[PDB]
Amino acid sequence: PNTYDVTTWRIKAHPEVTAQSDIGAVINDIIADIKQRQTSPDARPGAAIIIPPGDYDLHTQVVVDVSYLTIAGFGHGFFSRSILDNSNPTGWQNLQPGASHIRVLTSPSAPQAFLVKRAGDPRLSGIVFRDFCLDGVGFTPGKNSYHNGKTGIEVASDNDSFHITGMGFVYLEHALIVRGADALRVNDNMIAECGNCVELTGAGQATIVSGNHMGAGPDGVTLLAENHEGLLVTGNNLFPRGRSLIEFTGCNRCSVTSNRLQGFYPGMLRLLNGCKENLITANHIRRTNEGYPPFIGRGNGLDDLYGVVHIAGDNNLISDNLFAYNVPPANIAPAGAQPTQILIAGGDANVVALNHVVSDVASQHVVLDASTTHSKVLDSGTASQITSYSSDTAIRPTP
Amino acid sequence: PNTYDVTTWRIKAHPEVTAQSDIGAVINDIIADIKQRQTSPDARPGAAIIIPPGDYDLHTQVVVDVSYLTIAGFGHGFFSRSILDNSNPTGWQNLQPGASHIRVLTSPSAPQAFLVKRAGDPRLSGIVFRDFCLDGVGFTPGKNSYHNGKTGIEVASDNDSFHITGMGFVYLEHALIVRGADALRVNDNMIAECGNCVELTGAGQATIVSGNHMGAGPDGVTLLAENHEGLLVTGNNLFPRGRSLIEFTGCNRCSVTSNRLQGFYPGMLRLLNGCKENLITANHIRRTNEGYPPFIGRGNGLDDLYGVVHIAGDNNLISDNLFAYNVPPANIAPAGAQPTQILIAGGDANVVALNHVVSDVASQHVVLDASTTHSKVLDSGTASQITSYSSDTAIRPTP
Amino acid sequence: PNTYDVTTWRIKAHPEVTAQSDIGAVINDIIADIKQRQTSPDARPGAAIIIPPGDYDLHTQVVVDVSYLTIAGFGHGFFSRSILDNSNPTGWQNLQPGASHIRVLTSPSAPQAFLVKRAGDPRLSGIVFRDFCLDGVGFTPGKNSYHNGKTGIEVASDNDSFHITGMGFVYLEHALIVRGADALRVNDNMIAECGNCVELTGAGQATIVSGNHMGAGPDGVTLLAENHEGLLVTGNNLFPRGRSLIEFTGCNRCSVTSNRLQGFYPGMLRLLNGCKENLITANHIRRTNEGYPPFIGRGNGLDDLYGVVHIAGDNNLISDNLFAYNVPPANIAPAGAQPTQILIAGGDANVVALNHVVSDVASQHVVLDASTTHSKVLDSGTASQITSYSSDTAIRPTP
Ligand SMILES: OC[C@H]1O[C@@](CO)(OC[C@@]2(O)O[C@H](CO)[C@@H](O)[C@@H]2O)[C@@H](O)[C@@H]1O
Ligand SMILES: OC[C@H]1O[C@@](CO)(OC[C@@]2(O)O[C@H](CO)[C@@H](O)[C@@H]2O)[C@@H](O)[C@@H]1O
Ligand SMILES: OC[C@H]1O[C@@](CO)(OC[C@@]2(O)O[C@H](CO)[C@@H](O)[C@@H]2O)[C@@H](O)[C@@H]1O
């Protein structure tokens, strides 16, 4: 009961339109049957749509408008399309992503493979997307452009208690987008080789983003949060080549702890447009130069004075972080300049303590811009590894 | 084999008693069939009971006495009954929780929907409860009382290697209770709008409580631990209105790290009755005033001198935490008093280092009561933001 | 489609060779059918093999050579064979592990129950092993030897995006082995009473090991990592009696944060053969004496001067950790010696800050060996709890 398998369900008016030819059409007809049956606001349990191991083409955008809908598969089936596209496929035993593999072949007018939204009142709640694969197939015009106008899963209406786990997102301009998230959970996923990985837009409350593997694109964000409060980002392994790896705009009282960050460009961790009272601690922050040839020479338009960690806001605590910076003197922007590990762009009362910096070149561990006030820097470098353009900055040298 | 679907299984002596009318009765008959079949202590693999998407009434308490029993569903189906009860339902498209929805309608004599217990020897092991929803339906006498005498899942006998994940608990006086837990795992769950969320009573060892979303009641605990050793509490997003958010009584060598805590009352983090050698670090602790009108004016009977974090024990390390305190001067208890972020009630050798406090009012970041001995306060406030009633306290100003 | 249940699938040439008698033979025939069917490198989605609740004997080693293969069960079914073997079984209601229980009865020539490997090009990707039980049955010659020459799951070829979750490993000389892991995920598992738990050999990239419960053997490792980069180890509860609990050899830029460590021997956390730029923070490290009689008197051949935490490498940051050391003066190796909490064996620029030590005996919180250069020790003990055999060590007393 209330359980469907995409491969056994026939579309009565269109019998040869299967999960293989258009799983999008198939899922929309299933959701139509769910609404068919559950007409009572007091009797709308939802349902589970299972996606068997296989290759499925999605031409028709799926509109999800039922609460507690679960779309699950048996695997994330990730496969590096990036390496395939930059390698010689001769004799290769695999040329594509697997598991419950959905190839997103959406039209411009309906970008998203899945678009969750509903009008009227109760906000959508309890929707779960798990253990299946969303593949954008390829990048266009350039094979390494990270552009293709497709989106995997997008939640456009305010949502409560959503759960996104065990997923596999690959080669999508936008993997996952969730606006107005509340008690959202994005954990144990593989989101990579996507222009953008996770975008929490609009605003948010007590959301959790942990245990995930992320890799974005030069012109995209890996993890982005807009006007969020209570966001916990922990135990994620964010690797190369978003424009940033963690980017908060105007979020307050959030926490970024126990994470692994690896970027090839300036501003891997950004706190923009007045982020207040956030905790950034116990994170490994490694900045280095792009190591995979196909992408050598690409950038995010930022120079090394932007800082690996960029803070614009008040009362944020950046501590107990390990900075490993290895970048060719010649790749350092501007010529002659000392790389900035932590830049306090503006704001009041920011505190920077116990941050170990390791770098191949002379670097300013912490820089407090002339706009900053009442900042505090403790055990984050010697006096000559710290530049304070403010005169009310309190500094304590690492002995 | 050894797999049942609650909707297809008929109770031989009682044919019209279905999962819909009494899933409790159904599950008990299934467990009876399991014991029927597995009579050999050397041949007792257990089984899996699947709960299809749907609305199910539970009148009869389920007694779980077989090891390695797995009761799974397809979703946590959380839905804010609290907001429904305090809003105008007209035209609402949903009035109830979904997914594998079990409405707990238990009788006083058998409170618990699920009661796991067994006599004799081997302790019960490997029991798994996952991906389904337990809903207490409503609160009684007051719709906002958080009282109703029902319990979701309770483990009364010593257990080994239990696993509780992907669940949905809502409107239950007691969501989850586990006595004598050993190598227990409570992760990736949504437990909210419950009088009490997770109660680890009796005693415990090497337990993990992480990646969970929890919100309790004024007269209840969010996460409670009794005489636990090796407890790890990490990556949880604990929000509003337990009497406390984390409460340990006599636990030793446990760890509370990388969490998001948000409370509306004093003592959000409590270490009572001599807790020794525990690590409380890298947590975001925010205390503020109740923000949802229906509950404005409710309390936990504690004043602001109890401290947001209350410690009674020895050698505990409270460090690298960010305290965000925003409370109306007029709501501050006692009139004229300065709020206490960290109170070291009693104990020896407690260490408080690198704790950033942000508050709208003059506040004592750390207070060491006259009973305390050999305490140490480092980089947690200026000398005037610290009150030591002891004389062996070692203090170092945040420059 | 592409979904098999091990109990319904007959081996055409060998009809009575069931999952019960040789699930190994069964799975190999299933994989043979998958390869039968998916001959196109462009059409190799993989499949899912489901293992129903039950007792299954594995005599034949399973060779997994298809990408995106998912082998899943309904439970980890852990059961302490150690306690059974050292107790009186009379009247016991369980004598063995449950859930989707696979008893590994492999022959010397094919140790591993599951051996994942493939020749040629694309590296194997997206393979998932979840929610089932691997039991080695017993230890041989000694019942408490932790030796039996069996291995549970071993990945010998370079792999990408593997996922190992919800598993149960018990009584195996080697539970899990994964060479050349990339974006690997080992989370939410129960690996205990195994000679060795998790072995990441060869080399690795951006791997995550979190939310796991581990206990190894005196002659084995709990978590081992070889030449790994970007390894994140977080939220794990590692308990008693590996020779070590976390052991890295030549890993760089990895992070071990927010973990619970409990050992009975020296060197619970080891950074060997030049590990550079690693973050070890926010961990609870408890060293004490073996508490279960059957194992009293056993050891790992290391003395108390090796240190509970042993570091040999450069620029590592060991901070915000809580050390609880309780060991009988008489069990302390060498007689008369002061236990070493943190030993910096050799290396340049290591930083040790904010580490709280609690011990029943006079102990050297930090020892910097004469080989070390430019080390830093802050707030990790008084000058007399710190031994620096170097002269360029910068030290700052815990006031
Ligand atoms: O930088 C990681 C980035 O590159 C990809 C290839 O486009 O992975 C390639 C690889 O070699 O990079 C890391 C190594 O540093 C390793 O894990 C990879 O397997 C890509 O998907 C990533 O986004
Ligand atoms: O304080 C959280 C508490 O209130 C509930 C309503 O009873 O959620 C309401 C809500 O508005 O509170 C938070 C914002 O502060 C937000 O996530 C909610 O959606 C409830 O379940 C919580 O226990
Ligand atoms: O030290 C843990 C070790 O011992 C076992 C028994 O061989 O567990 C026994 C037990 O008593 O140890 C811890 C307590 O200290 C507790 O969780 C156990 O249940 C074993 O599996 C462990 O590896």
# chains A, B, ... in the order shown; residues from 1 in each chain; ligands from 1
>>> select_by_dssp(residues="segment 69-241 of chain C", states="strand (DSSP E or B)", output="short mmCIF file (atom, residue, chain, number, x, y, z; two decimals) with N, CA, C and O atoms, in the first residue's frame")
data_model
loop_
_atom_site.label_atom_id
_atom_site.label_comp_id
_atom_site.auth_asym_id
_atom_site.auth_seq_id
_atom_site.Cartn_x
_atom_site.Cartn_y
_atom_site.Cartn_z
N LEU C 69 27.27 -1.70 -7.34
CA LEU C 69 26.62 -2.91 -6.81
C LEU C 69 26.26 -2.60 -5.36
O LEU C 69 27.09 -2.10 -4.60
N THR C 70 25.01 -2.88 -5.01
CA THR C 70 24.53 -2.65 -3.66
C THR C 70 24.13 -3.97 -3.02
O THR C 70 23.27 -4.68 -3.54
N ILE C 71 24.76 -4.30 -1.90
CA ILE C 71 24.41 -5.51 -1.18
C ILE C 71 23.90 -4.99 0.14
O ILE C 71 24.65 -4.42 0.93
N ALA C 72 22.60 -5.15 0.36
CA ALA C 72 21.97 -4.65 1.57
C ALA C 72 21.12 -5.67 2.31
O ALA C 72 20.58 -6.61 1.71
N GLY C 73 21.02 -5.47 3.62
CA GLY C 73 20.23 -6.35 4.46
C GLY C 73 19.26 -5.51 5.26
O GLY C 73 18.96 -4.39 4.86
N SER C 100 20.53 -9.86 8.99
CA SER C 100 20.97 -10.52 7.75
C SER C 100 22.40 -10.97 8.07
O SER C 100 23.39 -10.33 7.68
N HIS C 101 22.44 -12.08 8.78
CA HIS C 101 23.61 -12.74 9.32
C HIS C 101 24.39 -13.66 8.36
O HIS C 101 23.90 -14.73 7.96
N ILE C 102 25.60 -13.25 8.01
CA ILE C 102 26.44 -14.06 7.14
C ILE C 102 27.62 -14.57 7.95
O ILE C 102 28.41 -13.80 8.50
N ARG C 103 27.71 -15.89 8.04
CA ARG C 103 28.79 -16.50 8.76
C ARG C 103 29.86 -16.81 7.75
O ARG C 103 29.67 -17.58 6.81
N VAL C 104 30.98 -16.13 7.94
CA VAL C 104 32.14 -16.23 7.08
C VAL C 104 32.92 -17.49 7.44
O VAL C 104 33.54 -17.58 8.50
N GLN C 112 38.80 -13.39 2.29
CA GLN C 112 37.72 -12.42 2.23
C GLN C 112 36.35 -12.92 1.80
O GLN C 112 36.21 -13.60 0.77
N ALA C 113 35.33 -12.57 2.58
CA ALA C 113 33.96 -12.96 2.26
C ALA C 113 33.63 -12.23 0.97
O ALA C 113 33.08 -12.80 0.03
N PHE C 114 34.00 -10.95 0.94
CA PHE C 114 33.78 -10.12 -0.22
C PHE C 114 35.09 -9.47 -0.64
O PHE C 114 35.76 -8.81 0.15
N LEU C 115 35.46 -9.69 -1.90
CA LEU C 115 36.67 -9.12 -2.44
C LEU C 115 36.29 -8.33 -3.67
O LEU C 115 35.89 -8.88 -4.70
N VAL C 116 36.38 -7.01 -3.52
CA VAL C 116 36.04 -6.08 -4.56
C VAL C 116 37.29 -5.72 -5.36
O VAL C 116 38.24 -5.17 -4.81
N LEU C 124 36.48 1.15 -10.08
CA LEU C 124 35.18 0.77 -9.59
C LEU C 124 34.60 1.94 -8.83
O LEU C 124 35.28 2.59 -8.04
N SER C 125 33.32 2.19 -9.07
CA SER C 125 32.67 3.30 -8.43
C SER C 125 31.27 2.99 -7.94
O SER C 125 30.60 2.10 -8.43
N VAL C 128 28.08 -0.04 -2.81
CA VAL C 128 27.50 0.14 -1.50
C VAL C 128 27.26 -1.18 -0.75
O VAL C 128 26.64 -2.10 -1.29
N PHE C 129 27.75 -1.26 0.49
CA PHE C 129 27.58 -2.44 1.34
C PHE C 129 26.81 -1.93 2.54
O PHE C 129 27.34 -1.12 3.31
N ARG C 130 25.58 -2.40 2.75
CA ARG C 130 24.86 -1.88 3.89
C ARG C 130 23.84 -2.76 4.59
O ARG C 130 23.25 -3.68 4.02
N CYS C 133 25.10 -8.31 8.38
CA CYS C 133 26.09 -8.79 9.34
C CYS C 133 27.13 -9.81 8.89
O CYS C 133 26.78 -10.84 8.31
N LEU C 134 28.40 -9.51 9.16
CA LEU C 134 29.52 -10.39 8.83
C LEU C 134 30.12 -10.91 10.13
O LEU C 134 30.72 -10.15 10.90
N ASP C 135 29.99 -12.21 10.35
CA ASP C 135 30.45 -12.86 11.57
C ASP C 135 31.50 -13.96 11.30
O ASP C 135 31.25 -14.90 10.53
N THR C 151 38.48 -12.37 6.56
CA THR C 151 38.27 -10.95 6.33
C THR C 151 36.83 -10.77 5.84
O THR C 151 36.32 -11.60 5.09
N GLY C 152 36.19 -9.69 6.28
CA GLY C 152 34.81 -9.44 5.91
C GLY C 152 34.62 -8.83 4.53
O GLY C 152 34.02 -9.44 3.64
N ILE C 153 35.09 -7.59 4.37
CA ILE C 153 34.97 -6.89 3.10
C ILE C 153 36.32 -6.28 2.77
O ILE C 153 36.88 -5.53 3.58
N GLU C 154 36.85 -6.60 1.60
CA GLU C 154 38.13 -6.04 1.21
C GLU C 154 38.11 -5.48 -0.20
O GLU C 154 37.76 -6.16 -1.16
N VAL C 155 38.49 -4.21 -0.31
CA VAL C 155 38.52 -3.53 -1.59
C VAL C 155 39.98 -3.37 -2.00
O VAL C 155 40.68 -2.46 -1.52
N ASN C 159 39.24 2.62 -5.86
CA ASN C 159 37.80 2.78 -5.93
C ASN C 159 37.36 4.22 -5.77
O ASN C 159 38.06 5.04 -5.18
N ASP C 160 36.19 4.54 -6.31
CA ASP C 160 35.67 5.88 -6.16
C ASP C 160 34.24 5.89 -5.68
O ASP C 160 33.39 5.14 -6.15
N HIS C 163 30.56 3.39 -0.46
CA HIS C 163 29.75 3.70 0.71
C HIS C 163 29.56 2.43 1.55
O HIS C 163 29.06 1.41 1.05
N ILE C 164 29.98 2.50 2.81
CA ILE C 164 29.87 1.38 3.73
C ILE C 164 29.10 1.85 4.96
O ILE C 164 29.68 2.46 5.86
N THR C 165 27.80 1.58 5.02
CA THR C 165 27.03 2.03 6.17
C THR C 165 26.04 1.04 6.78
O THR C 165 25.60 0.09 6.13
N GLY C 168 27.42 -4.52 10.40
CA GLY C 168 27.74 -5.18 11.64
C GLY C 168 28.86 -6.16 11.34
O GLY C 168 28.68 -7.09 10.54
N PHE C 169 30.02 -5.93 11.93
CA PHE C 169 31.17 -6.81 11.73
C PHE C 169 31.50 -7.39 13.09
O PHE C 169 31.63 -6.65 14.07
N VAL C 170 31.67 -8.71 13.16
CA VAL C 170 32.00 -9.32 14.43
C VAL C 170 32.83 -10.59 14.29
O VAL C 170 32.60 -11.42 13.41
N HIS C 174 40.04 -9.41 10.17
CA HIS C 174 40.06 -8.13 9.49
C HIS C 174 38.61 -7.89 9.09
O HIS C 174 38.04 -8.65 8.31
N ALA C 175 38.00 -6.84 9.62
CA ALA C 175 36.61 -6.56 9.28
C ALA C 175 36.51 -5.93 7.91
O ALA C 175 35.99 -6.52 6.96
N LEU C 176 37.06 -4.72 7.80
CA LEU C 176 37.02 -3.98 6.55
C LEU C 176 38.39 -3.45 6.09
O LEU C 176 39.12 -2.84 6.87
N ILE C 177 38.71 -3.68 4.82
CA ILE C 177 39.96 -3.21 4.24
C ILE C 177 39.65 -2.48 2.93
O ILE C 177 38.92 -3.00 2.09
N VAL C 178 40.20 -1.28 2.77
CA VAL C 178 39.98 -0.52 1.54
C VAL C 178 41.22 0.25 1.10
O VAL C 178 41.59 1.27 1.68
N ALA C 181 41.35 4.24 -1.60
CA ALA C 181 40.01 4.79 -1.46
C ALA C 181 40.00 6.28 -1.80
O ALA C 181 40.94 7.01 -1.47
N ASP C 182 38.94 6.70 -2.46
CA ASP C 182 38.77 8.08 -2.91
C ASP C 182 37.29 8.43 -2.72
O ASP C 182 36.41 7.79 -3.30
N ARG C 185 33.21 6.47 2.05
CA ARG C 185 32.44 6.77 3.22
C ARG C 185 32.18 5.54 4.03
O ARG C 185 31.61 4.55 3.55
N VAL C 186 32.62 5.62 5.28
CA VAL C 186 32.48 4.56 6.25
C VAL C 186 31.80 5.28 7.40
O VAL C 186 32.45 5.99 8.16
N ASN C 187 30.49 5.12 7.52
CA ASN C 187 29.72 5.80 8.56
C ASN C 187 28.55 4.98 9.09
O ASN C 187 27.97 4.17 8.37
N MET C 190 28.95 -0.71 13.06
CA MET C 190 29.33 -1.36 14.31
C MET C 190 30.37 -2.42 13.98
O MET C 190 30.03 -3.50 13.49
N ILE C 191 31.63 -2.08 14.23
CA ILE C 191 32.75 -2.95 13.93
C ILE C 191 33.48 -3.27 15.24
O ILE C 191 34.31 -2.48 15.69
N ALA C 192 33.18 -4.41 15.84
CA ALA C 192 33.84 -4.73 17.09
C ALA C 192 34.13 -6.20 17.31
O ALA C 192 33.52 -7.07 16.66
N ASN C 196 41.08 -6.51 13.54
CA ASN C 196 41.28 -5.20 12.95
C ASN C 196 39.91 -4.72 12.49
O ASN C 196 39.11 -5.52 12.01
N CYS C 197 39.63 -3.43 12.61
CA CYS C 197 38.34 -2.89 12.21
C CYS C 197 38.34 -2.23 10.82
O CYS C 197 37.72 -2.76 9.89
N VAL C 198 39.00 -1.08 10.68
CA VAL C 198 39.04 -0.41 9.38
C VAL C 198 40.47 -0.10 8.95
O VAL C 198 41.20 0.61 9.62
N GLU C 199 40.84 -0.65 7.79
CA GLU C 199 42.18 -0.47 7.23
C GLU C 199 42.19 0.21 5.86
O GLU C 199 41.86 -0.41 4.84
N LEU C 200 42.57 1.49 5.85
CA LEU C 200 42.64 2.26 4.62
C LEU C 200 44.10 2.29 4.19
O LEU C 200 44.87 3.19 4.55
N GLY C 204 45.02 7.42 -0.05
CA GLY C 204 43.63 7.85 -0.09
C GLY C 204 43.40 9.33 -0.28
O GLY C 204 44.30 10.15 -0.10
N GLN C 205 42.17 9.66 -0.64
CA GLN C 205 41.75 11.04 -0.85
C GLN C 205 40.33 11.29 -0.35
O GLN C 205 39.45 10.44 -0.47
N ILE C 208 35.80 9.89 4.39
CA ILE C 208 35.12 10.23 5.63
C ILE C 208 34.83 8.98 6.44
O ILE C 208 34.28 8.01 5.91
N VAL C 209 35.20 9.02 7.71
CA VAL C 209 34.96 7.91 8.62
C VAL C 209 34.35 8.55 9.85
O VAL C 209 35.05 9.12 10.68
N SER C 210 33.02 8.47 9.95
CA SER C 210 32.31 9.07 11.07
C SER C 210 31.13 8.25 11.57
O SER C 210 30.67 7.33 10.89
N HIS C 213 31.10 2.86 15.61
CA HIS C 213 31.37 2.23 16.91
C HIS C 213 32.49 1.21 16.65
O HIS C 213 32.25 0.22 15.95
N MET C 214 33.70 1.40 17.19
CA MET C 214 34.77 0.41 16.93
C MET C 214 35.56 -0.11 18.13
O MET C 214 35.91 0.64 19.06
N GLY C 215 35.88 -1.40 18.07
CA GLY C 215 36.66 -2.08 19.09
C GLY C 215 37.44 -3.16 18.37
O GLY C 215 36.85 -4.07 17.78
N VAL C 221 44.58 -3.05 14.49
CA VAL C 221 44.33 -1.63 14.50
C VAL C 221 42.83 -1.41 14.51
O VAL C 221 42.06 -2.28 14.06
N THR C 222 42.41 -0.26 15.02
CA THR C 222 41.01 0.04 15.05
C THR C 222 40.81 0.78 13.73
O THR C 222 40.22 0.23 12.79
N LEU C 223 41.33 2.00 13.62
CA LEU C 223 41.24 2.74 12.37
C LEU C 223 42.67 2.99 11.92
O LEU C 223 43.48 3.57 12.65
N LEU C 224 42.99 2.54 10.71
CA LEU C 224 44.32 2.69 10.15
C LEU C 224 44.24 3.40 8.81
O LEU C 224 43.38 3.09 7.98
N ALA C 225 45.13 4.37 8.60
CA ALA C 225 45.15 5.11 7.35
C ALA C 225 46.56 5.24 6.79
O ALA C 225 47.48 5.67 7.49
N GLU C 226 46.73 4.87 5.52
CA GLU C 226 48.04 4.92 4.89
C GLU C 226 48.13 5.93 3.76
O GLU C 226 47.44 5.81 2.74
N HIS C 228 47.08 8.95 3.41
CA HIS C 228 45.79 9.56 3.12
C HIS C 228 45.93 11.05 3.20
O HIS C 228 46.75 11.58 3.94
N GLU C 229 45.09 11.72 2.43
CA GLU C 229 45.07 13.16 2.37
C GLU C 229 43.60 13.53 2.41
O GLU C 229 42.79 12.91 1.73
N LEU C 232 38.78 12.71 7.04
CA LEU C 232 38.01 13.32 8.11
C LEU C 232 37.55 12.18 8.99
O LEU C 232 36.89 11.25 8.52
N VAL C 233 37.90 12.23 10.26
CA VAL C 233 37.49 11.20 11.19
C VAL C 233 36.80 12.00 12.28
O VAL C 233 37.42 12.80 12.98
N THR C 234 35.50 11.78 12.40
CA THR C 234 34.69 12.55 13.32
C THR C 234 33.48 11.79 13.89
O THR C 234 32.91 10.92 13.24
N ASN C 237 32.95 6.56 18.11
CA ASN C 237 33.11 6.15 19.50
C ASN C 237 33.99 4.92 19.45
O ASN C 237 33.51 3.80 19.27
N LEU C 238 35.30 5.15 19.56
CA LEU C 238 36.27 4.07 19.51
C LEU C 238 36.61 3.61 20.91
O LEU C 238 37.17 4.35 21.72
#
>>> residues_near_ligand(ligand="ligand 3", cutoff="9 Å", atoms="only C-alpha atoms and all ligand atoms", output="compact mmCIF listing (two decimals) with N, CA and C atoms, in the first residue's frame")
# COMPACT_ATOMS: atom_id res chain seq x y z
N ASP B 160 22.17 -4.20 24.01
CA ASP B 160 23.45 -4.02 23.36
C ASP B 160 23.32 -3.80 21.87
N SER B 161 24.02 -2.78 21.41
CA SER B 161 24.08 -2.39 20.02
C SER B 161 22.73 -2.03 19.39
N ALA B 181 21.71 1.35 28.28
CA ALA B 181 22.14 1.31 26.89
C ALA B 181 23.64 1.10 26.82
N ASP B 182 24.05 0.28 25.86
CA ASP B 182 25.45 -0.07 25.67
C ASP B 182 25.69 -0.10 24.15
N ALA B 183 26.57 0.77 23.65
CA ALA B 183 26.88 0.87 22.23
C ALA B 183 25.63 1.21 21.44
N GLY B 204 24.93 3.69 31.38
CA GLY B 204 25.28 3.42 30.00
C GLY B 204 26.75 3.47 29.67
N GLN B 205 27.07 2.95 28.49
CA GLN B 205 28.44 2.92 28.00
C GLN B 205 28.50 3.09 26.48
N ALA B 206 29.60 3.70 26.02
CA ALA B 206 29.88 3.95 24.61
C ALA B 206 28.64 4.11 23.75
N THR B 207 27.87 5.15 24.04
CA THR B 207 26.66 5.45 23.30
C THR B 207 26.92 6.68 22.44
N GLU B 229 28.91 6.64 30.59
CA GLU B 229 30.34 6.72 30.45
C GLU B 229 30.61 6.54 28.97
N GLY B 230 31.45 7.39 28.40
CA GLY B 230 31.76 7.30 26.98
C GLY B 230 30.67 7.80 26.05
N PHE C 79 26.23 -8.93 18.10
CA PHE C 79 26.09 -9.77 19.28
C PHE C 79 27.51 -10.04 19.76
N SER C 80 27.74 -9.80 21.04
CA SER C 80 29.05 -9.97 21.66
C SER C 80 29.49 -11.42 21.80
N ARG C 81 30.21 -11.94 20.81
CA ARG C 81 30.68 -13.31 20.88
C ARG C 81 31.74 -13.43 21.96
N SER C 82 32.41 -12.31 22.24
CA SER C 82 33.45 -12.26 23.25
C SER C 82 32.88 -12.61 24.62
N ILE C 83 31.76 -11.99 24.98
CA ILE C 83 31.15 -12.27 26.26
C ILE C 83 30.60 -13.70 26.31
N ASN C 86 33.32 -16.18 27.04
CA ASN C 86 33.92 -16.07 28.36
C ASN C 86 32.87 -16.18 29.46
N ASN C 144 40.19 -16.40 22.64
CA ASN C 144 40.36 -14.95 22.80
C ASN C 144 41.58 -14.44 22.05
N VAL C 170 31.67 -8.71 13.16
CA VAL C 170 32.00 -9.32 14.43
C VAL C 170 32.83 -10.59 14.29
N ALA C 192 33.18 -4.41 15.84
CA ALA C 192 33.84 -4.73 17.09
C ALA C 192 34.13 -6.20 17.31
N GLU C 193 35.05 -6.46 18.23
CA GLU C 193 35.45 -7.81 18.55
C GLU C 193 36.03 -8.40 17.27
N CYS C 194 36.80 -7.56 16.58
CA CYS C 194 37.49 -7.91 15.35
C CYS C 194 38.98 -7.68 15.60
N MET C 214 33.70 1.40 17.19
CA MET C 214 34.77 0.41 16.93
C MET C 214 35.56 -0.11 18.13
N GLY C 215 35.88 -1.40 18.07
CA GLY C 215 36.66 -2.08 19.09
C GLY C 215 37.44 -3.16 18.37
N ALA C 216 38.77 -3.08 18.41
CA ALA C 216 39.62 -4.04 17.71
C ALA C 216 40.31 -5.07 18.61
N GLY C 217 41.50 -5.49 18.19
CA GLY C 217 42.27 -6.46 18.96
C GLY C 217 43.67 -5.98 19.28
N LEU C 238 35.30 5.15 19.56
CA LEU C 238 36.27 4.07 19.51
C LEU C 238 36.61 3.61 20.91
N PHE C 239 36.28 2.36 21.18
CA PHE C 239 36.51 1.79 22.50
C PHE C 239 37.52 0.65 22.48
N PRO C 240 37.87 0.15 23.66
CA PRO C 240 38.83 -0.94 23.83
C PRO C 240 39.15 -2.10 22.91
N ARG C 241 40.07 -3.13 22.10
CA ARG C 241 41.53 -3.22 22.62
C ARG C 241 42.32 -3.45 21.38
N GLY C 242 42.13 -2.44 20.41
CA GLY C 242 43.19 -2.33 19.42
C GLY C 242 44.55 -2.03 20.02
N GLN C 262 38.73 5.49 23.87
CA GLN C 262 38.96 4.76 25.12
C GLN C 262 39.87 3.56 24.85
N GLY C 263 41.04 3.56 25.47
CA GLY C 263 41.97 2.47 25.28
C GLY C 263 42.54 1.95 26.58
N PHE C 264 43.16 0.77 26.52
CA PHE C 264 43.77 0.16 27.70
C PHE C 264 45.28 0.13 27.54
N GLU C 290 42.84 -2.43 31.37
CA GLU C 290 41.89 -3.42 30.88
C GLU C 290 40.91 -3.79 31.99
N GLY C 291 39.62 -3.66 31.70
CA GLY C 291 38.61 -3.95 32.71
C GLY C 291 37.90 -5.29 32.66
N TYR C 292 38.03 -6.02 31.56
CA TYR C 292 37.38 -7.33 31.44
C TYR C 292 38.43 -8.43 31.67
N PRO C 294 39.05 -11.73 31.35
CA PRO C 294 39.62 -12.63 30.34
C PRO C 294 40.85 -12.06 29.64
N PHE C 295 40.87 -10.74 29.52
CA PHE C 295 41.95 -10.03 28.85
C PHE C 295 42.93 -9.33 29.75
>>> closest_residue(among="A:335, A:330, A:317, A:368", to="chain B", atoms="only C-alpha atoms")
A:317
>>> interface_residues(of="chain A", to="chain B", cutoff="6 Å", atoms="only C-alpha atoms", output="list in words")
residues 2, 41, 42, 45, 46, 47, 68, 121, 122 and 126 of chain A
>>> atom_distance(atom1="atom CA of residue 347 of chain A", atom2="atom CA of residue 300 of chain A")
24.3 Å
>>> residues_around(residues="residue 385 of chain B", least_positions_apart="4", cutoff="7 Å", atoms="only C-alpha atoms", output="list in words")
residues 363, 364, 365 and 381 of chain B
